[PDB]
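Working notes, beginning with the structure itself.
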Amino acid sequence: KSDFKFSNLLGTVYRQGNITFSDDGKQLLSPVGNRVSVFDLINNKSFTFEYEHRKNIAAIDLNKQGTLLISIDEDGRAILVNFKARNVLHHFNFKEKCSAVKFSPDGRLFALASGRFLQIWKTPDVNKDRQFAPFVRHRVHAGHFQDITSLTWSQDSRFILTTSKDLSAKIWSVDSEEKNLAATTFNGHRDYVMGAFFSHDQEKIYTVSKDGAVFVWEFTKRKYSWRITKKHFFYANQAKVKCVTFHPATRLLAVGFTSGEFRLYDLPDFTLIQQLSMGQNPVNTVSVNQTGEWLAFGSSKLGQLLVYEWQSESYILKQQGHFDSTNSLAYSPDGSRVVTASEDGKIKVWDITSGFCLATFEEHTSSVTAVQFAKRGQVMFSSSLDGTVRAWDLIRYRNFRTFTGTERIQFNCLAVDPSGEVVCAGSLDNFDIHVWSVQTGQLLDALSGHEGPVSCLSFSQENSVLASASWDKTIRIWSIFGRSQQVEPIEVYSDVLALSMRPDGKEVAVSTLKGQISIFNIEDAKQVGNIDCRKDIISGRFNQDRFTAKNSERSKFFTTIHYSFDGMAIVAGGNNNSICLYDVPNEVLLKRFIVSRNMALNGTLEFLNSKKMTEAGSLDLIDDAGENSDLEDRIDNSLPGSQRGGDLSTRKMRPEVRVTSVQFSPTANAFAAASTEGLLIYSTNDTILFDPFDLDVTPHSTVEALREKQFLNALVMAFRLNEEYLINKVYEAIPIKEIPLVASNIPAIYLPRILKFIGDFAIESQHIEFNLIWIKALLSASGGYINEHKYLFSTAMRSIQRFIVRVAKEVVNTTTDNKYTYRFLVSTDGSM
Amino acid sequence: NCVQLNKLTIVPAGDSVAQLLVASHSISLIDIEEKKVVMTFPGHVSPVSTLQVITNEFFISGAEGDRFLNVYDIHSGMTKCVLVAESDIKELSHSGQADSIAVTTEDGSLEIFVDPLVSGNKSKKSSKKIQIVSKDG
Amino acid sequence: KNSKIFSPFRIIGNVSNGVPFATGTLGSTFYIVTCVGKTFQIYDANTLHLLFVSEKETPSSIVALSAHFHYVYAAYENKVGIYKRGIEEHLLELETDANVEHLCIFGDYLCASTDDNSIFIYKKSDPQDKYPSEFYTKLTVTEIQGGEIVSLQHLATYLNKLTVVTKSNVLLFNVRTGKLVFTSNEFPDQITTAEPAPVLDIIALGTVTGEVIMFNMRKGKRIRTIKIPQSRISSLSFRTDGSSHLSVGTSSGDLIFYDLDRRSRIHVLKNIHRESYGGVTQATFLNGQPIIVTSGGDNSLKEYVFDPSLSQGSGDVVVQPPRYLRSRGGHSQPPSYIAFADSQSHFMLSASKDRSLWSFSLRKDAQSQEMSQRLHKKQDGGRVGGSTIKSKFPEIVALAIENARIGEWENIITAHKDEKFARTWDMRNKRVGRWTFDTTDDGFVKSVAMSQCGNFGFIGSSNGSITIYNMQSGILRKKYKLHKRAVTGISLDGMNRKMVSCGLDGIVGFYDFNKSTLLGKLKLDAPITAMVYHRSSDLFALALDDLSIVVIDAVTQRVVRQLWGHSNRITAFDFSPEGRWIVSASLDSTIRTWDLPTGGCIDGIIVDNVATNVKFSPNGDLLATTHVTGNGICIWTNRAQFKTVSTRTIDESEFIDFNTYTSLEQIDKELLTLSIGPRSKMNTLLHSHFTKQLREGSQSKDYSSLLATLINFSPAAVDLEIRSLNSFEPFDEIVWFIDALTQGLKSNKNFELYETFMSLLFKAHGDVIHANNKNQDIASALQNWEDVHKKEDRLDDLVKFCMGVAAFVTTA
């Protein structure tokens, strides 16, 4: 009820770095602002890892088999992640800016393109325990003149070639005794060689440069070595390459041009399959599978991802998020639905497990600000600075009726009665609470009495009276029913905003400018008690701040407050790095949460590093966009004083760490907050962290573990084999004294398998008590996994309660029958 | 491999006074002739205060400022049992043949320990507590 | 001895130990290789950043350290490690059982001496090769040649000449041949330290007297001498920077600096390293730089520089004294109490008998910084109480820290040795803060903990009073009196509502914190030595003198679990991050690990050392032990966060072909089982040689023969078998068959069937027993029926429980 852990980050589908699929084409790895998201395409689910990076990610790969994940910052922070286990194994620091990490197809060793250096390291072992210094640098190849921009292995591990912004594209081996076999360099291009490749046969070499050129290198005659047999030019006129991949087993080039165009070729032939305009915005990364039938693009001009097939004209996902523009967030009464609004207008509909915008609504023209659900999560509304509140349903996914005012006025916040007629909106301009009927587009009442803006509004779940927040430091509670049209002010003394009611509707959380949240009675007028937030808020000092965070007034209030589903807790969130969980009656915060730990995010750090405070100025506040190799990144369009305006590049600043919208789940007390980075999910759904067991097996290994007394691990080694002789060996082998010791430590992966094995075998078995202890220990062990996914165990549990009643409770009814006949026949008397 | 040693008692083995007991938070029965540490029992966390051999099999190790006497088995190399005073053990004496042990406690108390090697039972509480207090109080 | 849940990662918090460290160069720059027991460390000299650690703990402690350019040569017991980058590339195990004393590197050779007064020679397999692997020979020093081998050096421009110095004299060898090319005469003092020289032919020797001898070999003569009054020399070094300067390191901690041209000492440093821990253990000028790196046995490694000379006209005469430069220190004594400071497992507080805190950083070994003990100027104005010879704070027995309001006031409370109060410290300012918190009943502080709101520190006396001081102004709030013995562990709940305390009276007191009432008072058996609380899950654990940790629920106001199982005084113990486990360590050299939902010791680590403090990280990753010897903090990776391990009760015992399997009939005798085959027999039955065999089982008073064919009797024939029971007066075959059934349920197999036979008795002779109710013969056997019968409600307690849980879990 207190312990909330990070579960999943949603959206902002690409910022910076390399995109990769796994061994299988299911798992797609993308960078987020500092995290890695994994999108599984067929089993449509999304995931983002529990950790974050310290700067923006500029390099990424995963293992051959999907065991290790390497994320590397812009600076060269490297993070070793147990990819199957989602836990961080090692933080190494590469001291140079690297651009490419690629594992071996062997999986034995990976390599790194940092500067003009190639660093080739051995892989750390996953089944081995975590060590202090796991990484062993095998070799370092520094035969390059400028920064090495692209890098590949062969399909054998024994050949690696890298390419730089220097003209060179150079092959070596892993091992130096394989140096003499092939160790040479390629030149003769015009420009940045942006990608050089082996073919699927290791005899043809493809080298692609920025100018639009490919050479077909081949170890051929006029001993004799390595001529160009042909060149290939796509003849892009002013456009030039940004990114290039090559799928070798089908001989396919994916190109990304500066003009947002992209081409496909068949490389011994060099024949144009199709040209797609991905957009105005260039492909910043291309990717193929080992199957080579999906392609993955990312535009870091927009922040979009695109999985599209080359052979069939068909996308998989065309996802386009919006940074700094996650305005509203909305839990449904159902715990399966989530609504995110935006300043661009898009209002997306997410599942919490499968993190996909299932729906969107791109019909608002301006910023959408406040969204509440009503009537069992059927209808869902959207007040806007677009001058309207547009209604939305979750069955037809359509606009119902765009409630309008007179003078086309923007609307600050939205409140919906559960009785689905009454929708109130407060305005940032007009400061009159407009009440719309849902059935009639006319306004029901123009509630007047706000001097300065109406900040926020909510109704009770109980009496459905509304509480609006002035900027005149004064709550106005309106009771519009019983034909009174009656009002009451509550004077606060400092400037309130972000109002939030208890579900009982007799107490209200208020956030003043002091940070002090107050709780107000509604059946009476006085203040109940007030909890302080100006002390326990993590605020950040910007690099351009000229005052320390201890006496900074940047973010020590709260831009959103929410009551818990008992009404006994509150999660509040503001323009800070800090999200807070106060207890309502005990009146002291339970836990304080970071939203994001990113140096490029501005107000993350409490204390700035004094090595960056130079003579006159920061060390980071110097304009470094003027040194980019590309003209477009050297172009500055930043208008000076734009605060949360349209695009990212036009702040002329780092993005502030701010969290706009905060809500609780009804069911499992999970709270989600749409941040600057995107929607974050904290939950109490603990042990959804997926945990592989006993990773590489014989039947002898589990049976030797029976001889080795390693009985839970022997059960795992049996259940990976799935032969019922072994399961009845290992099942009756463990003693009773460690049955609940075993069953609480069973993963959820074999949970329907073990529940079905118990549910089937125990029906015909004499070990009724022994099976019964297993079902007791399992249902007391991990019944919560059957609380969430009921249809997952529905076949197994059916057999289980077949065994409980027909097989076991028949024996019990026999027992109680003979018992009660004993009690009668020994407690009563005779005759004669 | 004994860089700190502040307590010593020699064993009543007979005319052979070899294999004596040295201790500072960690005890070694060490031979005189073969110049080697023979038996090593972990003492206490604190520097050891009292180091008393009772019998042919059992000896008391005492910690400075701690409330726990440990009765160690000589040849078994493990603790036979523990005694625990009401407060910090300040001084120690024992009877002839492991009958009853006098613990002067640091708070000011006398804990007696009756048949300390008798038959869980491994935690041995203070049997008797002899305090001394004036007439007026 | 091996752990399954945790594993050793590194011993955090150590810089050196006193073993003479080695210096090396990469190109222009310098690295330093020091020893910590069985693990060596490498440093840049220009920042004292940690560069490498050993890939393995060595099986015995490293005795010697030498270092060439990329290869660091460690030397433990019989074997010598050739390490590149802290990784064992080549172990060279010497052909004695003698212990390796000293070591040196020159040419294509390696030379290492043992304590059998014999040096071993190890050639490279080629000059093309880089590390020496070929075993050349063993030469020795007999007692006409020299004494005990103090050092092996190679003075430069000496072709295959090995300079072996003893306490007596100096020898020179051709290690290609193996011939003693020269023996020096005895110096009359006991030579203790050698050092080569940037001049030719000279070896500097610092003896057991305060005497340093410059000694030639081409002369064979002691060219100059240098005296020291009453100090035992430990290290010698030469400043090769540009003025001829000599470094004399005592074992009294003092460093003496000479200029041999002016024939004068320059400055003597006092007490740069602790005298009791070896004095100055090794000091060495970095070659061609005015920087001397000093290393003490106080887990400290300092740097000093000569400033360039102020005299423009002179230079060499006017010398600035050496000046403090960067240093990595550790706890000189072993650490008494540790804790995990922050939430993200970045910092650990470690307090020792060195009388100091240290704020170690498990992220980066250089952010590890020693805390200040500098009092704020007292807010009252009247001056404070203490000696003007300001000593360190007395060593600490308890720690307390909450990072809720960090850096707005103090948030570290430390219970110093034998002080009636306890000081407060800012974690952020790395310095003891303004308030000190008293007992106010004239007893010692014996346990402290702080409020999670960061506004209260709780202080428990030796006389029982618990004061609640405020972290705002240092003011007290309430002084609770429940215990008349000592308090020994305090906590608050995570909501700051209900506060617990454990005492040396055997009392755990439940008080409210918002309210002021004593809510509950649980009396446990032994007095209670410590208290650990889990804020996320509202439990609290305690060690007592009953060698066993009781975990007490704070809601249900009673014991939830007690782990018996230890063998000695339980030193430290800790919950998990999530309350699933408790790590305990006791004086029994065991560190056991406990799964509290069940309550079984699921693994115990046997250690060579006694583990004093264990500390589970608030993150689910790290376990910190501190031992009684050893000054660092053993960090342990928690494998459960990575894959898993087994959870068995396996501690006290230490401390196929046909791919098919017939079922076991009965696993243990205590469990109940049914009849092999059809379950439908109950549904059938419920919807003479026989009586002779029943008699022959009755005369045995064991009826195990009857039950066999009783299962195997055809179900319709039993409808005449029980309907002929021969009992009118004696009721024998009634009592014979009923006791046959009760002996049938005794082995618990075919449990349902004897119930069916009992109900078939009621179908057959319920009137024959009923009209003769009160008869003490059949009533005895039915009393025996109830006594055997009353256990098996445990499956009715299983079936109803498991059924309701199944329905409740499927529906909700």
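Chains: A, B, ... in order of the structure tokens. Residues: from 1 per chain. Ligands: from 1, in order shown.
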Distance query region 701-707 of chain C at most 8 Å, only C-alpha atoms, self and fewer than 5 positions along chain excluded, as a PDB file with C-alpha atoms, in the first residue's frame:
```
ATOM      1  CA  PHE C 690     -12.142 -64.140   7.763  1.00  0.00           C
ATOM      2  CA  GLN C 693      -7.711 -64.149  10.614  1.00  0.00           C
ATOM      3  CA  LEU C 694      -9.373 -61.331  12.555  1.00  0.00           C
ATOM      4  CA  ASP C 739      -9.983 -51.969  16.533  1.00  0.00           C
ATOM      5  CA  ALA C 740      -8.950 -53.533  13.221  1.00  0.00           C
ATOM      6  CA  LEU C 741     -10.255 -50.404  11.506  1.00  0.00           C
ATOM      7  CA  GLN C 743      -5.291 -49.901  13.470  1.00  0.00           C
ATOM      8  CA  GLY C 744      -6.057 -49.531   9.764  1.00  0.00           C
TER       9      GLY C 744
END
```
Which residues of chain B are close to chain C, meaning at most 7 Å apart when you count only C-alpha atoms, and how do they look as a ChimeraX atom specification?
/B:42,44-45,82,123
Spatial neighbours of region 422-434 of chain A, 10 Å, only C-alpha atoms, chain gap at least 5 places, as a PyMOL selection string
chain A and resi 370+372+381-385+387-389+403-405+407-417+439+442-459+464+466+468-471+478
Write out as a ChimeraX atom specification all residues of region 536-726 of chain A that backbone DSSP assigns to helix (DSSP H, G or I).
/A:549-551,602-604,610-612,625-627,631-634,649-651,699-707,711-719,724-726
Selected residues written out with N, CA and C atoms, as a compact mmCIF listing (two decimals), in the first residue's frame:
```
# COMPACT_ATOMS: atom_id res chain seq x y z
N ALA A 549 19.24 25.57 -5.35
CA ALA A 549 17.94 24.91 -5.27
C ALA A 549 17.35 24.96 -3.87
N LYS A 550 18.18 25.18 -2.85
CA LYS A 550 17.68 25.23 -1.49
C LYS A 550 16.81 26.46 -1.28
N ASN A 551 17.13 27.54 -1.97
CA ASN A 551 16.29 28.74 -1.94
C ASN A 551 15.81 29.09 -3.34
N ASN A 602 16.70 19.33 -17.36
CA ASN A 602 17.32 20.49 -16.75
C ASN A 602 17.28 20.46 -15.22
N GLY A 603 16.10 20.42 -14.63
CA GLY A 603 15.98 20.43 -13.18
C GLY A 603 16.04 19.08 -12.51
N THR A 604 16.95 18.22 -12.95
CA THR A 604 17.11 16.93 -12.32
C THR A 604 18.04 17.04 -11.12
N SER A 610 30.90 21.68 -9.97
CA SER A 610 31.61 22.95 -10.04
C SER A 610 32.73 22.95 -11.05
N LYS A 611 33.10 21.79 -11.59
CA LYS A 611 34.04 21.74 -12.69
C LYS A 611 33.45 22.28 -13.98
N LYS A 612 32.12 22.37 -14.07
CA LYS A 612 31.48 22.96 -15.23
C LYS A 612 31.23 24.45 -15.08
N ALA A 625 25.74 23.60 -31.00
CA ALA A 625 25.05 23.14 -32.21
C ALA A 625 25.76 23.64 -33.45
N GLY A 626 26.60 24.66 -33.32
CA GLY A 626 27.29 25.20 -34.48
C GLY A 626 28.45 24.36 -34.96
N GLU A 627 28.79 23.28 -34.27
CA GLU A 627 29.91 22.45 -34.71
C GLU A 627 29.47 21.14 -35.34
N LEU A 631 24.34 20.26 -41.83
CA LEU A 631 23.86 21.63 -41.94
C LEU A 631 22.59 21.83 -41.14
N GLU A 632 21.68 20.85 -41.19
CA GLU A 632 20.40 20.95 -40.50
C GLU A 632 20.56 21.04 -38.99
N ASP A 633 21.51 20.29 -38.42
CA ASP A 633 21.73 20.38 -36.99
C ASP A 633 22.50 21.64 -36.63
N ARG A 634 23.21 22.22 -37.59
CA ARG A 634 23.87 23.49 -37.35
C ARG A 634 22.92 24.67 -37.45
N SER A 649 13.44 22.18 -30.00
CA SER A 649 14.66 22.90 -30.35
C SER A 649 14.53 24.39 -30.09
N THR A 650 13.32 24.88 -29.90
CA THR A 650 13.07 26.30 -29.84
C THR A 650 12.96 26.84 -28.42
N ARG A 651 13.29 26.06 -27.39
CA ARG A 651 13.45 26.63 -26.06
C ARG A 651 14.74 27.44 -25.98
N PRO A 699 17.42 -35.11 -17.93
CA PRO A 699 16.71 -35.66 -16.77
C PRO A 699 17.64 -36.01 -15.63
N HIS A 700 18.88 -36.41 -15.93
CA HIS A 700 19.84 -36.74 -14.90
C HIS A 700 20.21 -35.54 -14.05
N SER A 701 20.17 -34.33 -14.62
CA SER A 701 20.55 -33.12 -13.90
C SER A 701 19.55 -32.78 -12.80
N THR A 702 18.25 -32.85 -13.11
CA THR A 702 17.23 -32.71 -12.07
C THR A 702 17.29 -33.86 -11.08
N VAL A 703 17.59 -35.07 -11.55
CA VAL A 703 17.62 -36.21 -10.64
C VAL A 703 18.90 -36.19 -9.81
N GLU A 704 20.00 -35.71 -10.39
CA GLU A 704 21.17 -35.48 -9.55
C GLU A 704 20.94 -34.35 -8.55
N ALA A 705 20.12 -33.36 -8.90
CA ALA A 705 19.73 -32.35 -7.93
C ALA A 705 18.81 -32.89 -6.84
N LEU A 706 18.01 -33.90 -7.15
CA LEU A 706 17.32 -34.67 -6.12
C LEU A 706 18.32 -35.35 -5.20
N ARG A 707 19.35 -35.98 -5.79
CA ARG A 707 20.44 -36.50 -4.99
C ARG A 707 21.25 -35.38 -4.35
N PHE A 711 15.97 -29.14 -4.55
CA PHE A 711 14.68 -29.66 -5.00
C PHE A 711 13.84 -28.64 -5.77
N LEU A 712 13.88 -27.35 -5.40
CA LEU A 712 13.17 -26.35 -6.19
C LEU A 712 13.79 -26.20 -7.57
N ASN A 713 15.12 -26.17 -7.62
CA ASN A 713 15.83 -26.11 -8.88
C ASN A 713 15.65 -27.40 -9.68
N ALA A 714 15.53 -28.54 -8.99
CA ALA A 714 15.22 -29.79 -9.68
C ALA A 714 13.82 -29.79 -10.26
N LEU A 715 12.86 -29.16 -9.58
CA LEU A 715 11.53 -28.97 -10.13
C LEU A 715 11.58 -28.10 -11.38
N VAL A 716 12.42 -27.07 -11.36
CA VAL A 716 12.58 -26.24 -12.56
C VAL A 716 13.19 -27.04 -13.70
N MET A 717 14.24 -27.80 -13.42
CA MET A 717 14.89 -28.61 -14.46
C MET A 717 13.99 -29.73 -14.96
N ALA A 718 13.03 -30.17 -14.15
CA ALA A 718 12.00 -31.09 -14.61
C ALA A 718 10.95 -30.40 -15.46
N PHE A 719 10.52 -29.21 -15.06
CA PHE A 719 9.43 -28.53 -15.75
C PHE A 719 9.88 -27.91 -17.05
N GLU A 724 5.98 -36.30 -17.79
CA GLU A 724 5.22 -36.45 -16.55
C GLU A 724 5.77 -37.51 -15.62
N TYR A 725 6.55 -38.47 -16.14
CA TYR A 725 7.32 -39.35 -15.28
C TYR A 725 8.29 -38.55 -14.42
N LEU A 726 8.89 -37.50 -14.99
CA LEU A 726 9.89 -36.73 -14.27
C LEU A 726 9.22 -35.85 -13.25
```
Can you pull out the residues contacting residue 20 (chain A)? Cut-off 10 Å, using only C-alpha atoms, and skip same-chain residues under 3 positions away; I want them as a ChimeraX atom specification.
/A:23,25,27-31,38,60-62,285-289,295-296
